[PDB]
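Read the structure below first, then the notes.
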Amino acid sequence: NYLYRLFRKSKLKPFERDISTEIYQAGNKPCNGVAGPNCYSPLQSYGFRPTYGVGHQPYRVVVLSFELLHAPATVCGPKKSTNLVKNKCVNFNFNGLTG
Amino acid sequence: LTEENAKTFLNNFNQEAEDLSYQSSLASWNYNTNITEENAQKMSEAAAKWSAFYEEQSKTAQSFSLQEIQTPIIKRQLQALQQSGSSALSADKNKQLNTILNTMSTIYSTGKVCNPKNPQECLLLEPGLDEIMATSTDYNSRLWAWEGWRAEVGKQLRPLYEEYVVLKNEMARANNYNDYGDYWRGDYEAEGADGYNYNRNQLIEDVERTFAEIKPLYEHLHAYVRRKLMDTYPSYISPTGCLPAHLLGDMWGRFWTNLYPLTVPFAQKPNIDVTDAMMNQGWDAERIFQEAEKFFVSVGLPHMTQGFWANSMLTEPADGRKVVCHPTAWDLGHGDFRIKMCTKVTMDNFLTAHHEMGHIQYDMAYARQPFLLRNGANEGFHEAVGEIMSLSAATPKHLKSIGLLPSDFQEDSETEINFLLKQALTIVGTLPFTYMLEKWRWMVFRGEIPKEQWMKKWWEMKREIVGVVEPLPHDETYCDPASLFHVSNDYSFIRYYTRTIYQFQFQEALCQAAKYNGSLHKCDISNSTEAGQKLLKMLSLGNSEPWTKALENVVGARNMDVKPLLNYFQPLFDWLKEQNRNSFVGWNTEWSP
Ligand SMILES: *[C@@H]1O[C@H](CO)[C@@H](O[C@@H]2O[C@H](CO)[C@@H](O[C@@H]3O[C@H](CO)[C@@H](O)[C@H](O)[C@@H]3O)[C@H](O)[C@H]2NC(C)=O)[C@H](O)[C@H]1NC(C)=O
Ligand SMILES: *[C@@H]1O[C@H](CO)[C@@H](O[C@@H]2O[C@H](CO)[C@@H](O)[C@H](O)[C@H]2NC(C)=O)[C@H](O)[C@H]1NC(C)=O
């Protein structure tokens, strides 16, 4: 159930996806949409098995891409509660207002 | 364009092939470790699917024409894929040849020779006759065993060989080869850049050239063995004559290793055996493989995989599953490397573990290469790489370094001499038998030997080359070669000769790389990373490049050289020359008692 694209006419652009299952035409003759000699289905199967070598074992990959745009940035890290001390002269930082 | 089409075809093939080959290899492993009917049938279906896919791809691959392919790696991959082998013939001829092969295999497996006047004592070759050849000293019993197995096997197998030669000749001609001998010699053919070109015809002359250099050392060894056997057998062996066929310690005379107690130089001096030391220190098979791994990392080759430790069997399971005793190294595919060996805590198993680990390291190095090129450069190279590790492992320096042998051990000349003689009996002795057998098979396939004069030629060559005479005259109704396992089961035999030459050449090259300043036989390649890199350059290549290039990569030469073999055996050669001065070195062709 895990597949990869082995054959494509042109290289992918960054952050592009191709879901096409069209038969890859490597030869002058038209494929006609039926698999035939010199015509190969692009999507091949990753036949994962538990006894494979470490190079071939399945690995799950998550790629995190961070982008900044002219719009106000709305994804930011945690904010520290710290603690509140009263009745003393303490440097206060309340929601970005300092003193 | 044709080259691009071949590249896409190979890319599709490697992904489909690797998966199917892994399924076949895994089913074969499951049968080998856990012998049963269901694992056998599963192996049968897996092999059937893999073979059907491989033939279908080979038929598609034959459409491509090699003339318009410029890149050597794609051309070599297509060459490997396009070898039809036995599929070239028609179905009727292929079925007849398969029937002949199957009946030959079963008849050899079930071969029976039985005691005259003692009917109940009927003996198979594998349980008891080999024991008689290895251990018995009685002349009459050996003469009986040799003659009886020769008579039964030769009389039954002579017609089968007669049509076997014709069918193999038809298959080879169908595959654009001159004869079946040329088809076997194709495996050493290398097509490549200028000066690396090797031809099938060249191989025979190269073997003969190597043989001439090997011949004085073999003649001295034969004379010494003949004198010692004469001491053992007082009147049945002549000083100037050839050795009898049944006194060589083996059924066929293939290995002289069983003659070592009779032919020991120094009886008083013990062997270098370290089994008792392993017993005292509580070593086990896991420790043996770990020490082999330590040697491989120390020389600079990579560590063993986690899968190798997890999945392999290094001990008899003893849980009710039958196993094959023989040690085998398996490259299942997809980075899965395993060893099946029922390892007992002995020195021989320790050396065998080093040999099989060498096979696994050789398999691991060329995993980067494409699927069709994940093989040895030739048949000899794969065995040779394991053999050099076996040679290095057995040295006294290696045993002292790892604590198997005591630190205060003294290496006198006498132990070196008897060890070298044992190595010669195992290694030097097999070479004339191998050369003579391969030459006979090549000439029979060629038709140089007439059909009705086969036996008369073979004994003559054994008289000329091996220097071993028949005990009793054999007419042409006999088929004396066919008693050997390799010939009856359609196996090439020149690989052992090439293995023997390559093993010493590789060992000298690594020792020069490691800057060892002493005798070649005492050399150890441990803790020499440069030697490991020098070896690994050949190991990474596989058969992507011509074997001559790989040979140049290790030894700096493009052809077989037996000067390392003479250099390894030089103290023994000097000793044999020293003790043969009174005696006559050489044999007389005519039959002498
Ligand atoms: C290849 O290199 C390794 C690592 O240098 C060598 O192992 C080393 O062998 C020496 C001599 O046997 C060891 O020295 C002695 O070890 C004993 C036991 O620990 C100790 O009691 C002595 O005082 C002395 O240190 C050394 O420890 C050992 N090193 C390691 C890491 O095992 C190996 O011998 C080399 N092989 C060859 C063929 O040169
Ligand atoms: C040896 O092989 C047998 C059969 O090939 C294995 O027995 C099977 O084990 C699986 C897993 O538990 C069961 O699902 C099957 O029903 C069993 N078959 C039979 C006929 O009993 C056995 O487990 C194997 N042993 C080892 C050590 O691999």
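Ligands are numbered from 1 in the order shown, residues from 1 within each chain, and chains are lettered A, B, ... in the order they appear in the structure tokens.
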Taking the backbone alone, and naming residues the way the document does, which bits of range 39-199 of chain B are alpha helix (DSSP H) by DSSP, as an MDAnalysis selection string?
-> chainID B and resid 39:61 72:81 91:109 130:135 139:174 180:185
Write out, as an mmCIF file, in the first residue's frame, the residues just selected, with C-alpha atoms.
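Below is the file that was written, selection08.cif:
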data_model
loop_
_atom_site.group_PDB
_atom_site.id
_atom_site.type_symbol
_atom_site.label_atom_id
_atom_site.label_comp_id
_atom_site.auth_asym_id
_atom_site.auth_seq_id
_atom_site.Cartn_x
_atom_site.Cartn_y
_atom_site.Cartn_z
ATOM 1 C CA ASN B 39 8.378 -25.027 2.973
ATOM 2 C CA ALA B 40 9.557 -27.074 -0.033
ATOM 3 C CA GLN B 41 6.326 -26.445 -1.965
ATOM 4 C CA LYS B 42 6.449 -22.733 -1.007
ATOM 5 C CA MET B 43 10.046 -22.630 -2.280
ATOM 6 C CA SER B 44 8.898 -24.363 -5.472
ATOM 7 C CA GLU B 45 6.215 -21.741 -6.184
ATOM 8 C CA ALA B 46 8.560 -18.849 -5.319
ATOM 9 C CA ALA B 47 11.301 -20.215 -7.594
ATOM 10 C CA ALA B 48 8.735 -20.910 -10.338
ATOM 11 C CA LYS B 49 7.427 -17.324 -10.246
ATOM 12 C CA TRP B 50 10.947 -15.844 -10.161
ATOM 13 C CA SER B 51 12.153 -18.074 -13.017
ATOM 14 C CA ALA B 52 9.059 -17.336 -15.140
ATOM 15 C CA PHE B 53 9.501 -13.587 -14.627
ATOM 16 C CA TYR B 54 13.240 -13.826 -15.377
ATOM 17 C CA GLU B 55 12.667 -15.748 -18.626
ATOM 18 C CA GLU B 56 9.888 -13.338 -19.702
ATOM 19 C CA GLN B 57 12.184 -10.357 -19.122
ATOM 20 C CA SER B 58 15.035 -12.169 -20.896
ATOM 21 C CA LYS B 59 12.798 -12.696 -23.953
ATOM 22 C CA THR B 60 11.905 -8.995 -23.975
ATOM 23 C CA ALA B 61 15.588 -8.089 -23.389
ATOM 24 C CA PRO B 72 29.444 -0.404 -20.570
ATOM 25 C CA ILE B 73 27.287 -0.855 -17.421
ATOM 26 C CA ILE B 74 23.976 -0.980 -19.360
ATOM 27 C CA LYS B 75 25.535 -3.310 -21.953
ATOM 28 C CA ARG B 76 26.845 -5.635 -19.214
ATOM 29 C CA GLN B 77 23.434 -5.673 -17.490
ATOM 30 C CA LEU B 78 21.707 -6.537 -20.769
ATOM 31 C CA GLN B 79 24.341 -9.227 -21.427
ATOM 32 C CA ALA B 80 23.628 -10.779 -18.026
ATOM 33 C CA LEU B 81 19.859 -10.631 -18.628
ATOM 34 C CA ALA B 91 10.495 -28.132 -25.167
ATOM 35 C CA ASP B 92 11.109 -31.779 -26.128
ATOM 36 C CA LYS B 93 14.912 -31.412 -26.026
ATOM 37 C CA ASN B 94 14.792 -29.360 -22.812
ATOM 38 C CA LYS B 95 12.548 -31.968 -21.169
ATOM 39 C CA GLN B 96 14.874 -34.789 -22.285
ATOM 40 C CA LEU B 97 17.926 -32.932 -20.926
ATOM 41 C CA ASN B 98 16.127 -32.195 -17.635
ATOM 42 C CA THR B 99 15.118 -35.869 -17.372
ATOM 43 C CA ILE B 100 18.736 -36.947 -17.936
ATOM 44 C CA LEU B 101 19.966 -34.446 -15.319
ATOM 45 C CA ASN B 102 17.345 -35.536 -12.753
ATOM 46 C CA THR B 103 18.031 -39.253 -13.266
ATOM 47 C CA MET B 104 21.794 -38.562 -13.005
ATOM 48 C CA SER B 105 21.286 -36.643 -9.744
ATOM 49 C CA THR B 106 19.064 -39.313 -8.179
ATOM 50 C CA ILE B 107 21.316 -42.207 -9.302
ATOM 51 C CA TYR B 108 24.436 -40.450 -7.924
ATOM 52 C CA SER B 109 22.593 -39.690 -4.669
ATOM 53 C CA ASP B 130 34.026 -41.810 1.921
ATOM 54 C CA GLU B 131 35.048 -42.891 5.439
ATOM 55 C CA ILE B 132 36.808 -45.915 3.899
ATOM 56 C CA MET B 133 38.655 -43.662 1.435
ATOM 57 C CA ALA B 134 39.646 -41.173 4.159
ATOM 58 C CA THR B 135 40.717 -43.634 6.872
ATOM 59 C CA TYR B 139 45.012 -52.019 -0.113
ATOM 60 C CA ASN B 140 42.405 -54.652 -1.048
ATOM 61 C CA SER B 141 39.475 -52.853 0.632
ATOM 62 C CA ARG B 142 40.339 -49.567 -1.105
ATOM 63 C CA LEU B 143 40.780 -51.417 -4.416
ATOM 64 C CA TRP B 144 37.337 -52.988 -3.938
ATOM 65 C CA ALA B 145 35.624 -49.707 -3.050
ATOM 66 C CA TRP B 146 37.226 -47.778 -5.913
ATOM 67 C CA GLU B 147 36.652 -50.479 -8.543
ATOM 68 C CA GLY B 148 33.094 -51.250 -7.423
ATOM 69 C CA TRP B 149 31.913 -47.635 -7.393
ATOM 70 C CA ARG B 150 33.724 -47.068 -10.713
ATOM 71 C CA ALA B 151 32.072 -50.124 -12.292
ATOM 72 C CA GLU B 152 28.514 -49.430 -11.103
ATOM 73 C CA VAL B 153 28.531 -45.687 -11.812
ATOM 74 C CA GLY B 154 30.440 -45.876 -15.103
ATOM 75 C CA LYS B 155 28.392 -48.722 -16.624
ATOM 76 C CA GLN B 156 25.076 -47.094 -15.662
ATOM 77 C CA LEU B 157 26.126 -43.527 -16.591
ATOM 78 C CA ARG B 158 28.025 -44.101 -19.872
ATOM 79 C CA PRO B 159 24.933 -43.886 -22.210
ATOM 80 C CA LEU B 160 23.499 -41.038 -20.140
ATOM 81 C CA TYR B 161 26.746 -39.098 -20.596
ATOM 82 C CA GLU B 162 26.757 -40.020 -24.318
ATOM 83 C CA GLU B 163 23.477 -38.233 -24.989
ATOM 84 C CA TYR B 164 24.169 -35.608 -22.272
ATOM 85 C CA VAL B 165 27.166 -34.335 -24.260
ATOM 86 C CA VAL B 166 25.080 -34.111 -27.453
ATOM 87 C CA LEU B 167 22.215 -32.234 -25.751
ATOM 88 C CA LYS B 168 24.601 -29.792 -24.034
ATOM 89 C CA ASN B 169 26.379 -29.256 -27.376
ATOM 90 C CA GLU B 170 23.008 -28.495 -28.996
ATOM 91 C CA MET B 171 22.152 -26.013 -26.222
ATOM 92 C CA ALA B 172 25.532 -24.274 -26.514
ATOM 93 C CA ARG B 173 25.313 -24.083 -30.312
ATOM 94 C CA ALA B 174 21.763 -22.729 -29.895
ATOM 95 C CA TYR B 180 29.497 -26.603 -24.085
ATOM 96 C CA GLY B 181 33.111 -26.043 -23.024
ATOM 97 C CA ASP B 182 33.045 -22.608 -24.677
ATOM 98 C CA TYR B 183 29.728 -21.942 -22.902
ATOM 99 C CA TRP B 184 31.436 -22.642 -19.570
ATOM 100 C CA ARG B 185 34.466 -20.568 -20.626
#
Could you please select, counting only C-alpha atoms, the residues of chain B within 7 Å of chain A and state them as a ChimeraX atom specification?
-> /B:5,9,307,334-336
Could those residues be written to a file, using N, CA and C atoms, as a PDB file, in the first residue's frame?
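Okay, this is what ended up in out-v8.pdb:
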ATOM      1  N   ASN B   5      15.682   3.328 -23.891  1.00  0.00           N
ATOM      2  CA  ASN B   5      14.670   2.294 -23.692  1.00  0.00           C
ATOM      3  C   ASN B   5      15.208   1.169 -22.821  1.00  0.00           C
ATOM      4  N   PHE B   9      13.909   0.073 -19.155  1.00  0.00           N
ATOM      5  CA  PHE B   9      13.569  -1.335 -18.982  1.00  0.00           C
ATOM      6  C   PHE B   9      14.317  -1.936 -17.800  1.00  0.00           C
ATOM      7  N   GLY B 307      20.421  -7.153  11.183  1.00  0.00           N
ATOM      8  CA  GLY B 307      19.641  -8.240  10.609  1.00  0.00           C
ATOM      9  C   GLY B 307      20.406  -9.546  10.548  1.00  0.00           C
ATOM     10  N   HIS B 334      17.776  -6.829  -0.697  1.00  0.00           N
ATOM     11  CA  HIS B 334      17.248  -5.701   0.087  1.00  0.00           C
ATOM     12  C   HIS B 334      18.016  -5.547   1.401  1.00  0.00           C
ATOM     13  N   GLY B 335      19.332  -5.752   1.338  1.00  0.00           N
ATOM     14  CA  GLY B 335      20.177  -5.543   2.495  1.00  0.00           C
ATOM     15  C   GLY B 335      20.094  -6.638   3.535  1.00  0.00           C
ATOM     16  N   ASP B 336      19.553  -7.805   3.180  1.00  0.00           N
ATOM     17  CA  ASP B 336      19.455  -8.944   4.087  1.00  0.00           C
ATOM     18  C   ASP B 336      20.581  -9.929   3.782  1.00  0.00           C
TER      19      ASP B 336
END
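As for CA of residue 543 in chain B and CA of residue 384 in chain B, they are spaced 14.7 Å apart.
From CA of residue 24 in chain B back to CA of residue 331 in chain B, the distance works out to 11.4 Å.
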Check which residues fall inside 12 Å of ligand 1 when counting only C-alpha atoms and all ligand atoms, and print them as a PDB file with N, CA and C atoms, in the first residue's frame.
ATOM      1  N   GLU B 291      34.469 -12.612  16.990  1.00  0.00           N
ATOM      2  CA  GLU B 291      35.901 -12.491  16.717  1.00  0.00           C
ATOM      3  C   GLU B 291      36.163 -12.281  15.229  1.00  0.00           C
ATOM      4  N   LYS B 294      35.353  -8.811  14.568  1.00  0.00           N
ATOM      5  CA  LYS B 294      36.420  -7.964  15.092  1.00  0.00           C
ATOM      6  C   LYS B 294      37.567  -7.896  14.095  1.00  0.00           C
ATOM      7  N   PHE B 295      37.878  -9.032  13.459  1.00  0.00           N
ATOM      8  CA  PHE B 295      38.919  -9.064  12.435  1.00  0.00           C
ATOM      9  C   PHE B 295      38.526  -8.196  11.240  1.00  0.00           C
ATOM     10  N   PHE B 296      37.263  -8.300  10.801  1.00  0.00           N
ATOM     11  CA  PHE B 296      36.800  -7.530   9.643  1.00  0.00           C
ATOM     12  C   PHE B 296      36.762  -6.031   9.923  1.00  0.00           C
ATOM     13  N   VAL B 297      36.305  -5.622  11.108  1.00  0.00           N
ATOM     14  CA  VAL B 297      36.362  -4.199  11.438  1.00  0.00           C
ATOM     15  C   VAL B 297      37.817  -3.743  11.568  1.00  0.00           C
ATOM     16  N   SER B 298      38.689  -4.593  12.139  1.00  0.00           N
ATOM     17  CA  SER B 298      40.089  -4.233  12.348  1.00  0.00           C
ATOM     18  C   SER B 298      40.806  -4.006  11.022  1.00  0.00           C
ATOM     19  N   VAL B 299      40.500  -4.831  10.015  1.00  0.00           N
ATOM     20  CA  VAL B 299      41.070  -4.657   8.680  1.00  0.00           C
ATOM     21  C   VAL B 299      40.439  -3.463   7.966  1.00  0.00           C
ATOM     22  N   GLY B 300      39.335  -2.931   8.499  1.00  0.00           N
ATOM     23  CA  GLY B 300      38.649  -1.783   7.941  1.00  0.00           C
ATOM     24  C   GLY B 300      37.386  -2.055   7.152  1.00  0.00           C
ATOM     25  N   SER B 392      44.264 -15.956   6.551  1.00  0.00           N
ATOM     26  CA  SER B 392      44.736 -15.005   7.555  1.00  0.00           C
ATOM     27  C   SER B 392      44.325 -15.416   8.965  1.00  0.00           C
ATOM     28  N   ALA B 393      43.117 -15.970   9.114  1.00  0.00           N
ATOM     29  CA  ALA B 393      42.604 -16.366  10.424  1.00  0.00           C
ATOM     30  C   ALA B 393      43.428 -17.476  11.070  1.00  0.00           C
ATOM     31  N   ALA B 394      43.997 -18.378  10.273  1.00  0.00           N
ATOM     32  CA  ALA B 394      44.674 -19.554  10.811  1.00  0.00           C
ATOM     33  C   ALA B 394      46.118 -19.297  11.226  1.00  0.00           C
ATOM     34  N   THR B 395      46.647 -18.093  11.006  1.00  0.00           N
ATOM     35  CA  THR B 395      48.042 -17.814  11.313  1.00  0.00           C
ATOM     36  C   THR B 395      48.282 -17.803  12.826  1.00  0.00           C
ATOM     37  N   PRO B 396      49.487 -18.194  13.267  1.00  0.00           N
ATOM     38  CA  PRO B 396      49.817 -18.127  14.705  1.00  0.00           C
ATOM     39  C   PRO B 396      49.779 -16.730  15.308  1.00  0.00           C
ATOM     40  N   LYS B 397      50.097 -15.695  14.523  1.00  0.00           N
ATOM     41  CA  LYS B 397      49.998 -14.316  14.998  1.00  0.00           C
ATOM     42  C   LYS B 397      48.563 -13.945  15.353  1.00  0.00           C
ATOM     43  N   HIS B 398      47.606 -14.331  14.503  1.00  0.00           N
ATOM     44  CA  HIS B 398      46.201 -14.028  14.759  1.00  0.00           C
ATOM     45  C   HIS B 398      45.679 -14.772  15.985  1.00  0.00           C
ATOM     46  N   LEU B 399      46.055 -16.047  16.136  1.00  0.00           N
ATOM     47  CA  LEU B 399      45.644 -16.828  17.302  1.00  0.00           C
ATOM     48  C   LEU B 399      46.271 -16.316  18.596  1.00  0.00           C
ATOM     49  N   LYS B 400      47.545 -15.907  18.556  1.00  0.00           N
ATOM     50  CA  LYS B 400      48.167 -15.306  19.735  1.00  0.00           C
ATOM     51  C   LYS B 400      47.537 -13.964  20.089  1.00  0.00           C
ATOM     52  N   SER B 401      47.198 -13.159  19.073  1.00  0.00           N
ATOM     53  CA  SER B 401      46.668 -11.816  19.302  1.00  0.00           C
ATOM     54  C   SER B 401      45.333 -11.854  20.041  1.00  0.00           C
ATOM     55  N   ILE B 402      44.489 -12.837  19.720  1.00  0.00           N
ATOM     56  CA  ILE B 402      43.152 -12.947  20.291  1.00  0.00           C
ATOM     57  C   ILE B 402      43.115 -13.878  21.492  1.00  0.00           C
ATOM     58  N   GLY B 403      44.267 -14.385  21.930  1.00  0.00           N
ATOM     59  CA  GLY B 403      44.352 -15.163  23.148  1.00  0.00           C
ATOM     60  C   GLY B 403      44.019 -16.633  23.009  1.00  0.00           C
ATOM     61  N   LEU B 404      43.719 -17.109  21.795  1.00  0.00           N
ATOM     62  CA  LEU B 404      43.512 -18.539  21.581  1.00  0.00           C
ATOM     63  C   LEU B 404      44.796 -19.325  21.816  1.00  0.00           C
ATOM     64  N   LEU B 405      45.929 -18.764  21.424  1.00  0.00           N
ATOM     65  CA  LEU B 405      47.221 -19.410  21.533  1.00  0.00           C
ATOM     66  C   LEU B 405      48.066 -18.658  22.555  1.00  0.00           C
ATOM     67  N   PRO B 406      48.826 -19.367  23.402  1.00  0.00           N
ATOM     68  CA  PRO B 406      49.548 -18.699  24.497  1.00  0.00           C
ATOM     69  C   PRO B 406      50.606 -17.720  24.005  1.00  0.00           C
ATOM     70  N   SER B 407      50.843 -16.686  24.824  1.00  0.00           N
ATOM     71  CA  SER B 407      51.761 -15.606  24.464  1.00  0.00           C
ATOM     72  C   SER B 407      53.194 -16.094  24.289  1.00  0.00           C
ATOM     73  N   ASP B 408      53.589 -17.136  25.017  1.00  0.00           N
ATOM     74  CA  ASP B 408      54.963 -17.613  24.997  1.00  0.00           C
ATOM     75  C   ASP B 408      55.215 -18.679  23.936  1.00  0.00           C
ATOM     76  N   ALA B 514      49.957  -4.307   3.526  1.00  0.00           N
ATOM     77  CA  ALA B 514      50.071  -4.213   4.976  1.00  0.00           C
ATOM     78  C   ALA B 514      51.506  -4.059   5.459  1.00  0.00           C
ATOM     79  N   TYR B 516      54.015  -6.250   5.475  1.00  0.00           N
ATOM     80  CA  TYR B 516      54.597  -7.384   6.175  1.00  0.00           C
ATOM     81  C   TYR B 516      55.949  -7.715   5.557  1.00  0.00           C
ATOM     82  N   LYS B 522      53.054 -16.803   7.034  1.00  0.00           N
ATOM     83  CA  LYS B 522      52.875 -16.305   8.393  1.00  0.00           C
ATOM     84  C   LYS B 522      52.165 -14.957   8.430  1.00  0.00           C
ATOM     85  N   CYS B 523      51.818 -14.407   7.270  1.00  0.00           N
ATOM     86  CA  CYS B 523      51.265 -13.062   7.188  1.00  0.00           C
ATOM     87  C   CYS B 523      49.833 -12.972   7.702  1.00  0.00           C
ATOM     88  N   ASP B 524      49.558 -11.895   8.436  1.00  0.00           N
ATOM     89  CA  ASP B 524      48.234 -11.570   8.950  1.00  0.00           C
ATOM     90  C   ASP B 524      47.896 -10.162   8.484  1.00  0.00           C
ATOM     91  N   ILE B 525      46.662  -9.959   8.023  1.00  0.00           N
ATOM     92  CA  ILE B 525      46.257  -8.652   7.518  1.00  0.00           C
ATOM     93  C   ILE B 525      45.469  -7.847   8.547  1.00  0.00           C
ATOM     94  N   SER B 526      45.444  -8.290   9.805  1.00  0.00           N
ATOM     95  CA  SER B 526      44.732  -7.578  10.862  1.00  0.00           C
ATOM     96  C   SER B 526      45.362  -6.209  11.105  1.00  0.00           C
ATOM     97  N   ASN B 527      44.508  -5.217  11.415  1.00  0.00           N
ATOM     98  CA  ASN B 527      44.914  -3.848  11.779  1.00  0.00           C
ATOM     99  C   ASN B 527      45.693  -3.167  10.655  1.00  0.00           C
ATOM    100  N   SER B 528      45.256  -3.391   9.414  1.00  0.00           N
ATOM    101  CA  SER B 528      45.855  -2.764   8.233  1.00  0.00           C
ATOM    102  C   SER B 528      44.785  -2.144   7.336  1.00  0.00           C
ATOM    103  N   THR B 529      44.304  -0.953   7.725  1.00  0.00           N
ATOM    104  CA  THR B 529      43.150  -0.324   7.079  1.00  0.00           C
ATOM    105  C   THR B 529      43.376  -0.091   5.586  1.00  0.00           C
TER     106      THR B 529
END
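Of note, CA of residue 453 in chain B and CA of residue 436 in chain B are spaced 16.3 Å apart.
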